[PDB]
Amino acid sequence: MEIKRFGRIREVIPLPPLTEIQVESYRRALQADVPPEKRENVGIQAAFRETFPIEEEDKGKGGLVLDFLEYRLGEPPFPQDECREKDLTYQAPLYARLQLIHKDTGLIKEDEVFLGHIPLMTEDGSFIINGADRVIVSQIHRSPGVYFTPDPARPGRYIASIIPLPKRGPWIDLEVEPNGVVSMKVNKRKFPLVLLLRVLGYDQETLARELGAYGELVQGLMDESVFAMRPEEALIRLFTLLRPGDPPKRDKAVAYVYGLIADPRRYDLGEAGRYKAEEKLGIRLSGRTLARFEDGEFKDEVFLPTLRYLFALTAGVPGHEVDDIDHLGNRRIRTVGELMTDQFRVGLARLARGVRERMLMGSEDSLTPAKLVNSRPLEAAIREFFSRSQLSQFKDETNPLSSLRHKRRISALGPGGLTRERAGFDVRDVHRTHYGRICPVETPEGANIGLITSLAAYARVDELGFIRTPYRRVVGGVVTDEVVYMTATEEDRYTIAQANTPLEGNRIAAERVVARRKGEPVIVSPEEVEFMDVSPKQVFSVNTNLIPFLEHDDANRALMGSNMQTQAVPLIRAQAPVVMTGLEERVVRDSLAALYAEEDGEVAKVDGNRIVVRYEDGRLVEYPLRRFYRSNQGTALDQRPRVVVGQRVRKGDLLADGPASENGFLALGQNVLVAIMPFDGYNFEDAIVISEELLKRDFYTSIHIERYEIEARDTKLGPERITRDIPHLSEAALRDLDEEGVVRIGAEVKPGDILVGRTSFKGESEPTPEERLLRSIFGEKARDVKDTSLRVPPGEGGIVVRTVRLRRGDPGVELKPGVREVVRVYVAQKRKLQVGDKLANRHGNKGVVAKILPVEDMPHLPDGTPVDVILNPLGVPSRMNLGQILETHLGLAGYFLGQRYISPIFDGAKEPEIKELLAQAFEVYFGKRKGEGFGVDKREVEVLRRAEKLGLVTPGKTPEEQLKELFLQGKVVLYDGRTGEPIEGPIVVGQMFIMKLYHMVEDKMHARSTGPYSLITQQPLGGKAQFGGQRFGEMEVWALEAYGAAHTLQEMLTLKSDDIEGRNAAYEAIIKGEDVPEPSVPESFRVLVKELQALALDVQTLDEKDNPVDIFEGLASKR
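Structure follows, in structure tokens:
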């Protein structure tokens, strides 16, 4: 096979490390690989320094100084796989150096205290919390700064906002309502903007003239002069303004709080907050946030500039001071590291809280180790974030691509501080700045609609979570190969152009060429083009980039296509698309599906379980291959060796293929020849007709594994024994229960077979009088033990492949309390494609198999080769994704030309280039036909007749020539298969890639006859083996109500769900073939009446004449 790739836009730079976000964030987060000497001090070390110097001075005796030296964590308790076999949280041990000082001679240094076991990251970027690999999804929010937004209801003038995160930490607003008041609010109630400047030292005269000479608003400032005439007294006066009934005297205490340390922030001095400053408003910052504690007299280079800019914003063009909040230079992305560092610091505070109490509890000086440190907080805290945070979830590894995406996805629903469930509608939409920074497709149509999405191609989190998107520079009419990752904000200052601009190299080629200033499409000139787009790829996400001709598909349906791939299941037979975009390679590679060769060398052994290669460096290493592992969602992950024995390997070449790779290429589902016409009704709205032949070959077939588990619980009635003993009826069911108790590996288990046996006790506390007689009659001596045995749940099982049992003397495992022992049973099964299944191409055409046709009679081409699947055309006009029809065509060429292609995103193949390849295909198709010995059918000629009358072929040309034309159009003649006659009119056909979608647990069609019932609510409930009833909602009630369905609705409310006495007599009646009984009162009704009686109210039903009647049959009358 050969590869031909069409578009030419010089791809200047390789895509970045896809999991860089997850990997590097945790790198900077926990800087543990490098000594405390190394400078990166953010994250852990930062959070540590933040709360370590615990100064506790006076109330009794103090002068406490506990100081941090160096943070070191290094020897993991156990390893990865052992952490999955056994329930274990892969976490590194950490204990930093600590030394507490004394006001008396002595400083005790108790070196280590290991508090907090913090999880580690896998080399791919995923975690391992408890058994399941988990992932921490990034988030978005208002980057702590100051903005000015238009006022709420009064059309008049807008107000100022100062945003300080963490939560604890004031939230300021400056608003002027001139009849006599100005408003500045910290927690809530407002006060004067000048009483404060006065406090700091700004007097009426110097203030008003320098700041607002150009600003008449200065008059509101010098207004209440009575108080402006006393400096430091203004300090006490504002204190007075706050409200508790506090001591007037507190020298410089609260001013400190809004001064240097806590409330304002320790975000790195320099670029954290001072960036939002010098560019947006005001020039300097002395001390991180408005901070100072040297003379008692505070300095505030921030309090005056904010007003300075409000006087400026309100008075003209110092610049145009309006902040579009959604500008990404305002909305920041929280990489993993930050998310963990914050929970780590929260724990540090919980820790430092308890320690303070113990600076008073310890008797004399030996209080360094246990007296100050308790590991209970940090454990619960960080543990809670990895197992319970709404943000970290099961790794979605249906197929690698999936998990990769789930690792990079961004969420709102988080801290609660940033964006909750209320809407913020504007945020949900795809903002202008989302360019190269977020996929415009990447959003879950439905409930949580704009609140989530995975990021883009070249998108990278620079220093602080600001997705900078790359844009290359173009000085004059010259375009460069240099790139600038720009902030959202700066992007608007320049005139940027799209990549589609005809380029000669550094030369722009057309005078009137498109560019877009700031969210506005603008036809600019080559001389104005300041910057240019990097690529068509950076615009979207990975998951999306994988789509062929994205260019021709409605952005709405292209979403479906992207989410579809996230639902792709690994087939034992994985093939790459006949037509690819170009990243399939990089996907499998950057994801960790296939195994690549470190350095050059030769191959030694090629097992089905290992490839021990020999590098030319004089070394050889064994490369195990995850034979058959269980993915979180139950898909097979096997590495099939692609290298033979003794082979010189290039550095970075596929030794084995990942779960779904063919040859280092991503491959899901399989390329199948497909006709695109209507069949009877088999493909009616969105139904798919499939050729039986597809099953003959093991084409769409997938291996699944479910993990049934049972426990031996300790009841006070007697331990539940796990034995081959199944008390009541046969040995026939005990065969596969070979091992005494457990089931034998390799045994075929059907629904209702014993997977594992167990024996618990009969009653709650007492034996049975009636059951006493029966046992005695045929065999008194009857093991009173109950059959509580894990059985195959309806639905399906396969053949047991592995089993695990953990008994009494536990190795290094965690058995829950009461839990005597556990028994796992891994079962595997081959899933061959069937009518229930759903398959869908990358474009979005989704559909279910409705009929598997015998190759005998499905559409067949002139040469005996028949089509595998017949897709309905109707599904194409409405939806707008011609891309699939473009794929099919290139596919046809690749079938006869025996070649695969790579059509980039928007630069790819072009309609003429394809008509070209089709022209070559015509000779392979029909050229052989010529030589093989035959010409054209009566049929082939006949469909030509109807085709020229149609208008597909130039009348007057020879059939040979006419068919070429007809072929180039992408359609060929097809005969029925059932009749052998032709299908009037050419029909297109070709090689379209189609994947098979994963079957959810719901897919296991749930059918329930009778079963359990809830304890307080008496409505049907399922769980383990009984399916659980379907819900009959109001919307459905009305449906019946509309109909004359009286009884049928009664039934739905009585006999079927709540009529306690009803459902019982119901069953029994049915059992005897009795026309079911007439409904008794529903328990929902009785539950109610009583609920109602619980409250004073008395609800009594009445008769024809206002008289009693009785709902509660006979249990309410007394005694």
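In the authors' numbering, the protein residues as written are 1 to 1119. Positions of the beta carbon are idealized from the N, C-alpha and C atoms, including for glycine.
Segment limits, beta strand (DSSP E) that includes residue i
i	result
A228	Run containing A228: none in the beta strand (DSSP E); it sits in the alpha helix (DSSP H), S225 to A228.
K518	No beta strand (DSSP E) holds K518; DSSP gives it neither H nor E.
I452	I452 to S454
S702	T701 to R713
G601	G601 to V606
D533	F531 to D533
Three-state secondary structure assigned by DSSP to residue i
i	result
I283	coil
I726	coil
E551	helix
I611	strand
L839	strand
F127	coil
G273	coil
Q99	strand
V355	helix
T105	coil
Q22	helix
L571	strand
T1054	coil
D976	coil
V644	coil
Integer-rounded CB distance, given that residue j should sit under 8 Å from residue i
i	j	result
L583	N545	6 Å
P377	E110	No, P377 and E110 are not in contact; Cβ-Cβ is about 18 Å, not under 8 Å.
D784	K762	5 Å
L174	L310	6 Å
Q31	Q45	6 Å
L737	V587	That pair is no contact at about 45 Å.
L963	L952	Not a contact, Cβ separation roughly 11 Å.
Beta-carbon gap between residue i and residue j smaller than 7 Å
i	j	result
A291	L269	no
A594	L654	yes
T469	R437	yes
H1006	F1027	yes
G908	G561	no
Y700	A850	no
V483	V529	no
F394	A132	yes
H406	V827	no
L339	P305	no
residue 1129	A457	The displayed coordinates of the chain run from 1 to 1119. Any statement about residue 1129 would go beyond what the structure contains.
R758	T788	yes
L944	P959	yes
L100	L66	yes
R49	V578	no
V867	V749	no
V1081	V869	no
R614	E602	yes
Bridge partner(s) assigned by DSSP for residue i
i	result
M184	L174 and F191
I523	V514
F993	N671
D787	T759
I54	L66
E748	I799
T149	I159
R331	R142
Residue interval of the alpha helix (DSSP H) (run including residue i)
i	result
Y826	Taken as a continuous stretch (DSSP letters only), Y826 belongs to no alpha helix (DSSP H), being part of the beta strand (DSSP E) at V819 to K832.
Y1067	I1060 to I1071
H889	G883 to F896
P873	Note, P873: premise wrong, no alpha helix (DSSP H); not H, not E.
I914	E911 to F922
Proximity test, residue i beta-carbon vs the ligand MG heavy atom, cut-off 6 Å
i	result
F906	Judged by which ligands are present, the structure shown has none, so any question about the ligand MG falls away.
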